[PDB]
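> Right, I'll just put the structure down here and ask away after.
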Amino acid sequence: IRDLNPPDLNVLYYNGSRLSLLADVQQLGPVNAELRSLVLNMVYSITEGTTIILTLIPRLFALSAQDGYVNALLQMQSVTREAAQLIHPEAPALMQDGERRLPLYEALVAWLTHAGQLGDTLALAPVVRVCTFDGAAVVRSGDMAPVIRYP
Amino acid sequence: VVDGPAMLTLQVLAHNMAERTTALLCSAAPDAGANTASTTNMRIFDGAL
């Protein structure tokens, strides 16, 4: 997405290991296939209950003052920390046919089927997990491992 | 020991005067880099004349 806009993002971390990755160019074809797979699943999470959830943005930035567990969310690199500093949103009222329906419930289930699904949509599925039989908590790099399907 | 004609310089007091000593309470607490959700309500009260 940087290549469509005339720093930095290379370094990962896991188990304390520092490791970067080798890449030079990316073809403009498959990036559009990845990006169109994003933004369709991005849009399909936004439902009528989401704007009600957006009114709780002033609540979280007040709650991150009080508990460090809420401070474990924002990480200073999220948009929502700096978004809460400027925008004070408020709820729309009143919803059409609000007696018969549940807007907060419908926003979550549509969110769980598109955005929470998207970890499957870009890469392939995690078909396989690991079940050692003689119990080895760590399977070392360069060794075999027992293998059992994952649903 | 004060000279004679320098006494007449006191007329400048007719140009600038002041009134009473006023008590003060001043409260601004706690200064930045200290304000935490545990520590909001407590203040530092200081005084001056």
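Ordering of the structure tokens sets the chain letters (A, B, ...); residue numbers start at 1 within each chain; ligands are numbered from 1 in the order shown.
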Got a sec to pull out which chain B residues are within 9 Å of chain A, counting only C-alpha atoms, and send them as a PyMOL selection string?

chain B and resi 36-38

> Restrict the selected residues to N, CA, C and O atoms and save them as a JSON list (two decimals), in the first residue's frame.


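Dumped everything to result32.json:
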```
[["chain", "number", "residue", "atom", "x", "y", "z"],
["B", 36, "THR", "N", -2.14, 11.31, 37.85],
["B", 36, "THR", "CA", -2.47, 9.91, 37.62],
["B", 36, "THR", "C", -3.87, 9.71, 38.18],
["B", 36, "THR", "O", -4.34, 10.53, 38.97],
["B", 37, "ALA", "N", -4.56, 8.66, 37.73],
["B", 37, "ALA", "CA", -5.92, 8.38, 38.19],
["B", 37, "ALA", "C", -5.98, 8.10, 39.69],
["B", 37, "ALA", "O", -7.02, 8.30, 40.32],
["B", 38, "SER", "N", -4.88, 7.64, 40.27],
["B", 38, "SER", "CA", -4.80, 7.52, 41.72],
["B", 38, "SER", "C", -4.70, 8.89, 42.39],
["B", 38, "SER", "O", -5.18, 9.08, 43.51]]
```

> Which neighbours of residue 90 of chain A fall inside 12 Å, counting only C-alpha atoms, when residues of the same chain fewer than 4 positions from it are skipped, and could you give them as a PyMOL selection string?

chain A and resi 50-59

> Take the residues just selected and output them with N, CA and C atoms as a PDB file, in the first residue's frame.


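Produced file selection-v8.pdb, reproduced below:
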```pdb
ATOM      1  N   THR A  50     -22.740  -0.062  14.900  1.00  0.00           N
ATOM      2  CA  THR A  50     -21.344   0.342  15.027  1.00  0.00           C
ATOM      3  C   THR A  50     -21.219   1.794  15.458  1.00  0.00           C
ATOM      4  N   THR A  51     -22.119   2.656  14.979  1.00  0.00           N
ATOM      5  CA  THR A  51     -22.108   4.053  15.398  1.00  0.00           C
ATOM      6  C   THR A  51     -22.466   4.201  16.867  1.00  0.00           C
ATOM      7  N   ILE A  52     -23.247   3.265  17.405  1.00  0.00           N
ATOM      8  CA  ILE A  52     -23.485   3.246  18.840  1.00  0.00           C
ATOM      9  C   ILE A  52     -22.215   2.836  19.575  1.00  0.00           C
ATOM     10  N   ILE A  53     -21.432   1.928  18.986  1.00  0.00           N
ATOM     11  CA  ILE A  53     -20.164   1.526  19.583  1.00  0.00           C
ATOM     12  C   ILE A  53     -19.151   2.663  19.499  1.00  0.00           C
ATOM     13  N   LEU A  54     -19.242   3.499  18.459  1.00  0.00           N
ATOM     14  CA  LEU A  54     -18.344   4.642  18.316  1.00  0.00           C
ATOM     15  C   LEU A  54     -18.549   5.701  19.390  1.00  0.00           C
ATOM     16  N   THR A  55     -19.694   5.697  20.071  1.00  0.00           N
ATOM     17  CA  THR A  55     -19.913   6.591  21.199  1.00  0.00           C
ATOM     18  C   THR A  55     -19.152   6.166  22.446  1.00  0.00           C
ATOM     19  N   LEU A  56     -18.580   4.968  22.457  1.00  0.00           N
ATOM     20  CA  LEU A  56     -17.832   4.472  23.597  1.00  0.00           C
ATOM     21  C   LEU A  56     -16.344   4.767  23.454  1.00  0.00           C
ATOM     22  N   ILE A  57     -15.952   5.422  22.357  1.00  0.00           N
ATOM     23  CA  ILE A  57     -14.577   5.914  22.222  1.00  0.00           C
ATOM     24  C   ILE A  57     -14.179   6.912  23.311  1.00  0.00           C
ATOM     25  N   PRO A  58     -15.017   7.891  23.714  1.00  0.00           N
ATOM     26  CA  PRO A  58     -14.654   8.669  24.911  1.00  0.00           C
ATOM     27  C   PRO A  58     -14.629   7.869  26.198  1.00  0.00           C
ATOM     28  N   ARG A  59     -15.282   6.709  26.263  1.00  0.00           N
ATOM     29  CA  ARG A  59     -15.240   5.940  27.499  1.00  0.00           C
ATOM     30  C   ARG A  59     -13.909   5.213  27.660  1.00  0.00           C
TER      31      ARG A  59
END
```

> So which residues touch segment 12-23 of chain B within 8 Å, counting only C-alpha atoms, skipping near sequence neighbours fewer than 6 positions away, as a PyMOL selection string?

chain B and resi 47-49

> DSSP says strand (DSSP E) for which residues of chain A? Put them as a VMD selection string?

chain A and resid 12 to 14 17 to 19 128 to 130 147 to 149

> Within 12 Å of residue 22 of chain A, counting only C-alpha atoms, which residues show up once you throw out same-chain ones fewer than 3 positions away? Write them as a list in words, please.

residues 9, 10, 11, 19, 25 and 26 of chain A

> Put those residues in a file: N, CA, C and O atoms, as a compact mmCIF listing (two decimals), in the first residue's frame.


```txt
# COMPACT_ATOMS: atom_id res chain seq x y z
N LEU A 9 8.67 -0.59 7.92
CA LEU A 9 7.96 -1.81 8.27
C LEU A 9 8.71 -3.00 7.69
O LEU A 9 8.42 -3.46 6.58
N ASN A 10 9.69 -3.50 8.44
CA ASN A 10 10.36 -4.73 8.03
C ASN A 10 10.52 -5.69 9.21
O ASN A 10 10.53 -6.91 9.04
N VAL A 11 10.63 -5.15 10.42
CA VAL A 11 11.13 -5.92 11.55
C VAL A 11 9.97 -6.55 12.31
O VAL A 11 9.01 -5.87 12.69
N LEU A 19 14.03 -10.49 13.67
CA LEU A 19 14.12 -11.02 12.32
C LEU A 19 13.37 -10.13 11.33
O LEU A 19 12.23 -9.73 11.58
N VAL A 25 10.35 -6.16 -4.80
CA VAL A 25 9.24 -5.57 -5.52
C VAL A 25 8.02 -6.45 -5.33
O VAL A 25 8.12 -7.60 -4.90
N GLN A 26 6.86 -5.88 -5.64
CA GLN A 26 5.61 -6.61 -5.64
C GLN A 26 4.84 -6.21 -6.88
O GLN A 26 4.79 -5.03 -7.22
```

> If we count only C-alpha atoms and set the cut-off at 8 Å, which residues sit around segment 104-119 of chain A, ignoring sequence neighbours fewer than 6 positions away in its own chain? Please answer as an MDAnalysis selection string.

chainID A and resid 38 41:42 44:50 52:53

> Hey, which of A:144, A:139, A:4, A:83 ends up closest to residue 32 of chain A? Count only C-alpha atoms.

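Of the candidates, the smallest distance to residue 32 of chain A is held by A:4.
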
> Using only C-alpha atoms, pick whichever of B:41, B:6, B:1, B:46 has the shortest atom-to-atom distance to residue 27 of chain B.

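Checking each of B:41, B:6, B:1, B:46 against residue 27 of chain B, counting only C-alpha atoms, the winner is B:46.
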
> Do you have the atom CA of residue 135 of chain A-atom CA of residue 148 of chain A distance handy?

14.6 Å

> List as a list in words the protein and nucleic acid residues near residue 145 of chain A, meaning an atom at most 9 Å away when only C-alpha atoms are counted, but skip any in the same chain fewer than 5 places from it.

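Residues near the query, excluding close chain neighbours: residues 130, 131, 132 and 139 of chain A.
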